[PDB]
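Below: one structure, written as structure tokens.
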Amino acid sequence: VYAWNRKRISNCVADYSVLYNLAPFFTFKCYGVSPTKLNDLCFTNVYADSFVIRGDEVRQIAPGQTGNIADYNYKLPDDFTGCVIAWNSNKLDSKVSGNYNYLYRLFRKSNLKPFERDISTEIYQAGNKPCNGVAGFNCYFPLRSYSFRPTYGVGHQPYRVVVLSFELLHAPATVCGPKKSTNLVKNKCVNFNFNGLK
Amino acid sequence: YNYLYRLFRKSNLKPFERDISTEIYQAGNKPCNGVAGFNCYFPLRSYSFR
Amino acid sequence: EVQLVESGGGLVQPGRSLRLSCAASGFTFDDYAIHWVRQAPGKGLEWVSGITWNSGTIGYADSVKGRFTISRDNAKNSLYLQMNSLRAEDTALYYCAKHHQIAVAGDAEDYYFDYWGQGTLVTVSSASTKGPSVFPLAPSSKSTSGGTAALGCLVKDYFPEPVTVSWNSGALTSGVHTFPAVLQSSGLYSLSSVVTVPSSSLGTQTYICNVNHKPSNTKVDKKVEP
Amino acid sequence: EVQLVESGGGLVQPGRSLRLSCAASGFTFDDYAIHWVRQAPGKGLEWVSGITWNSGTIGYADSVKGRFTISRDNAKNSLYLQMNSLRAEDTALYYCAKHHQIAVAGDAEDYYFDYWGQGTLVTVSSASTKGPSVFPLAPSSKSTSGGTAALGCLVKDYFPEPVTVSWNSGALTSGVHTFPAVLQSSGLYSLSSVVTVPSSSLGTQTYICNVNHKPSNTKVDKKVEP
Amino acid sequence: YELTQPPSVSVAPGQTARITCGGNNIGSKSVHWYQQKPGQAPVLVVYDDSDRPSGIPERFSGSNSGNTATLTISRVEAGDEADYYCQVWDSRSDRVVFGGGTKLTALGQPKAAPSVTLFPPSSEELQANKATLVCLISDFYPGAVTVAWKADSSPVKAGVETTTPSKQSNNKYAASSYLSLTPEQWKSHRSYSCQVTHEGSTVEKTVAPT
Amino acid sequence: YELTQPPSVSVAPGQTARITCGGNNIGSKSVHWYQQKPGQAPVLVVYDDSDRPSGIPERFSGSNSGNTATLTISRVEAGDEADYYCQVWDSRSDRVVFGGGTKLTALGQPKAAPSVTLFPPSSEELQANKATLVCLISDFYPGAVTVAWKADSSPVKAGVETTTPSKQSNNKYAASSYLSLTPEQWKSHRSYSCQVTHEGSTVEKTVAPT
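The listed protein sequences correspond, in order, to chains H, U, X, D, C and G.
My numbering applies: residue 1 is where the first sequence begins, and numbers increase by one.
My numbering applies: residue 1001 is where the second sequence begins, and numbers increase by one.
My numbering applies: residue 2001 is where the third sequence begins, and numbers increase by one.
My numbering applies: residue 3001 is where the fourth sequence begins, and numbers increase by one.
My numbering applies: residue 4001 is where the fifth sequence begins, and numbers increase by one.
My numbering applies: residue 5001 is where the sixth sequence begins, and numbers increase by one.
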């Protein structure tokens, strides 16, 4: 959740309908948009941010909602336009091969800047003490992780969470709607829409 | 998870008293009903020993 | 001597929690290890967890880690076992077994049970508890031998089966054939018993069939008449 | 083509931490997995960790869990590996290997390396870094054949061995026998090189032996004379 | 760990039985055994393959050699039929590994003719609609019995039945039967009866035709 | 997982070599191989036992059958002596299991006489106390060479020496030697020299007696 990938999409035709084809028990909460009107507006670049946050912290992944995971790992301003999907994958992620495969951070010297990654290496500092790169009192690794055993409750299973950002800058006609066809019939006087002409 | 570890409670423990409990934690205003949901989770957060 | 009475158990919905207890009596609850072991009906036993003479966890199984938490209370002489997020594969008779050795300081880890108990049927399903229905089976007048006539009860319509039948006060350990229950294709069960019931000349039992059902607590004290 | 330059590495005390980097150049750092693999001197290799094309950890070894944390940065095209609580069994050449396949969405997990690098000697001990001592080995006047005379350097008194010798600017790839170092029962090492060194008639090399040592950073530009 | 036990081992009450529990490298770790009567609580038998608890006779014995622990019981009787389990520690996983117990059954026991006991509907149920006619049978050694119902002097099996399997009780099998598919006016005519058909001879018993 | 490889496999440059990697149930998972020249970076060889990368000749081949993956190299030459490793995935543990590589050495190569090169102490060191007299030798195929020092025309071995083992360099072994136990007044008399004793004939070379 502290080191999240950011994929940059290019000119294409995004079909926002396969999002609800995966395994059940998945959220589709949007902010500022709607899935019914998703394929109506035009966006230049869409960014996908994948992270493995789980538990009762998906509700606080929203503009103006702090918490314990969206406080020093991911911050969203009050302008987010996208839909978050948090389907649960408790079949290929939770395994006994390794419990520290995923990571998780904690409090820092300051709050994270919205939409900024905080890949660090340095050890945490309590404010007044010599660390010297050792694991002692008041100097410990803030990357406190958790285990993933295939016996936990519903509130601790691996949740694959990915958010989508919708930007709108001075750009040409980029991704906007999958398509729209109506099985053209040629027998009478009827309306037509040939890619703009109405 | 052979060893355990507790967390914050509704009140501070009385000195030299054991607090063996089963009751799941309560956030203050919500129905728990013995399930693992939002604001109702097991306060016995343990750690690993590798 | 040793009386490992076990309390706590019944019908609970999948995903809930419950507390099991095992009050020890007869020995000192400071020098003997007591463990928890389940036993599925006709499908062998299975070890759950255990605690040594002092407050110490000895481990769990490969399917109960993170969900079950065992605790020991030496002051009240009772062992407790917490169960969280119960599923359909947790229906078994959880027993309360002790240990034979005194668990001296310098030895090798080798635990084997010596005293066993009775266990509590912890059923986990989506069904609901139903009230029993005791009926005074008529001791018909078919008299060929001395004790050929017999009377009993007809307990039925109950999903859980912690059934215990009494006659006068928890006594009369003579011949009483308590037939096992059977799922009548609807989840319910049926109980019945048969006694000797000799020639009735106002010199026989009190004609009482006390049936105790914990998930459906109700004291039935109905009599039986020819 | 592919230039997997690796930075970060040297002598550190047991129990400290350091940051390793591997700047990618030649390919796209968005569709190829890059892993970390160490190689003890003359004792085989050993896989440390790895990350797929996206930000994803593929696991660690059975001896680096909890201490090592790998991170991927697609913006700067560099893979980082954090090492905490280094011990005596962590002295090896950590390499930066790529992956051949493009890691399509629906496939089977099968990672095999295709492009390798050079690695950084990460030595972990209690000793301290020592300054090298370059000496202008005299090209004696023993002249029998054409290029029988040879001159070189006599680098010594250095505990770490990230030694790289240059002559003019990082060039003259001709015959230069750089003999390996040797621990002279004190932790230090000794370096030396031999060149062709033809008949000296003011038409030969500049007689310069540039020695770069990262844990003991010092630019030695001393000349060699007969 | 993982212990492997025979699913069922039968032997005549003239010789000894052979119950084994083998693993991968179980040659030094202690091997404990248990005996559980059907319905009752598990009792302790010879443990550590070198001693027995207080109360167990000399007939019970054990021996382990390399990868096989043999619980050699001598002079098996009828009262010795129970579910025998073997225990191991396996300190490598910090568990208590059990295994599928063996159902020791003394083969060659005398037969036992089951006695059927008819119980008509009670008195305080005709005012309501219960329809819980019960047909009971006594104990019997040869199991696998089929209870055939003769409702209204005719074979009626389409109704809701139970047909419970024979259970264990003092080394004697027993079962029950329930079939009252009637509209609760069971006192129609022709003596609604019950039948029990065992292997060989069958027992018959009816009730009053009212 | 755990792969087992032969510690060393030698073969004359007339036939093929047999390098195998066996496990427990490695019959379906892909088997990848690697070749690492001594000192250089590991290069890629035939992978998946069914194809080779771009650049590898047809001489390299592989095959897996049940529990054995054979890296069949054809027409082994002198330039093929390297450390060969085999790779496996073992998705059961989410790791990358390597193994002890095999040192393929082409047996039956021609001999190579080593040339000794004496380097006296430099000019800008007599003012200080360095005492780093170096005696170097050229490349040679037959390794296991003992450098005998002749200090002051007499066998002196009690001093601090190095005696580095022969390393690999373009398929030719080479080493060095350091012994300057002198009080730094090495220009005493009798031509402090150096000797190299190979298997068979030995090479001698001294310096100026000053």
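All C-beta atoms in this analysis are idealised placements derived from N, C-alpha and C, irrespective of residue type, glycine included.
Quick one, which of the options has its alpha-carbon nearest residue i's?
i	options	result
residue 3209(D)	3178(D), 3203(D), 3215(D) and 3200(D)	3178(D)
residue 2098(X)	2124(X), 2123(X), 2063(X) and 2112(X)	2112(X)
residue 2223(X)	4123(C), 4119(C), 4106(C) and 4092(C)	4123(C)
residue 2039(X)	2212(X), 2103(X), 2091(X) and 2084(X)	2091(X)
residue 5139(G)	5157(G), 5117(G) and 5151(G)	5117(G)
residue 4159(C)	4168(C), 4170(C), 4144(C) and 4132(C)	4132(C)
residue 177(H)	7(H), 25(H), 44(H) and 57(H)	44(H)
residue 4046(C)	4011(C), 4183(C), 4087(C) and 4079(C)	4087(C)
residue 55(H)	1026(U), 1003(U) and 1040(U)	1040(U)
residue 5097(G)	5103(G), 5193(G), 5003(G) and 5010(G)	5003(G)
residue 2137(X)	2027(X), 2207(X) and 2008(X)	2207(X)
residue 4016(C)	4039(C), 4107(C), 4101(C) and 4100(C)	4107(C)
Per DSSP, what kind of secondary structure is residue i in: helix, strand or coil?
i	result
residue 20(H)	helix
residue 49(H)	strand
residue 2089(X)	helix
residue 241(H)	Residue 241(H) is absent from the model: chain H starts at 1 and stops at 198.
residue 4051(C)	strand
residue 2194(X)	coil
residue 2147(X)	coil
residue 2073(X)	strand
residue 3010(D)	coil
residue 154(H)	helix
residue 5083(G)	strand
For chain H, check one thing: does any of its Cβ atoms lie closer than 8 Å to the Cβ of residue i?
i	result
residue 3077(D)	no
residue 1029(U)	no
residue 1002(U)	no
residue 3015(D)	yes
residue 1034(U)	no
residue 3110(D)	no
residue 2128(X)	no
residue 5051(G)	no
residue 3073(D)	yes
residue 1048(U)	yes
Should residue i be flagged as near chain U, meaning a C-beta pair shorter than 8 Å?
i	result
residue 2009(X)	no
residue 2030(X)	no
residue 1975(X)	Since the first residue shown for chain X is 2001 and the last is 2226, residue 1975(X) is missing from the structure and cannot be characterised.
residue 2050(X)	no
So with Cβ pairs under 8 Å, would you call residue i a contact of chain G?
i	result
residue 98(H)	yes
residue 95(H)	yes
Quick check on residue i - is its C-beta less than 8 Å from some C-beta in chain D?
i	result
residue 5186(G)	no
residue 4(H)	yes
residue 5041(G)	yes
residue 143(H)	yes
residue 5162(G)	yes
Report the CB separation of residue i from residue j in whole angstroms; it is logged as a contact under 8 Å.
i	j	result
residue 3139(D)	residue 3150(D)	6 Å
residue 2085(X)	residue 2015(X)	6 Å
residue 5094(G)	residue 97(H)	4 Å
residue 31(H)	residue 107(H)	No, residue 31(H) and residue 107(H) are not in contact; Cβ-Cβ is about 26 Å, not under 8 Å.
residue 5085(G)	residue 3045(D)	7 Å
residue 48(H)	residue 162(H)	6 Å
residue 2(H)	residue 105(H)	4 Å
Is there a C-beta anywhere in chain X that falls below 8 Å from the one on residue i?
i	result
residue 82(H)	no
### Task
Examine the Cβ distances between the segment 2193 to 2201 of chain X and the segment 2158 to 2177 of chain X and report whether three or more of them are shorter than 8 Å.
yes
### Query
Quick one: any contact between the segment 4164 to 4176 of chain C and the segment 5046 to 5061 of chain G, if contact means 3 or more CB pairs under 8 Å?
Verdict: no, contact absent.
### Query
So, do the segment 2001 to 2015 of chain X and the segment 2119 to 2128 of chain X have three or more beta carbon pairs nearer to each other than 8 Å?
Yes: the two stretches touch, three or more of their Cβ pairs being nearer than 8 Å.
### Task
Check whether the segment 9 to 16 of chain H touches the segment 127 to 141 of chain H, counting contact only when three or more Cβ pairs, one atom from each stretch, lie closer than 8 Å.
no
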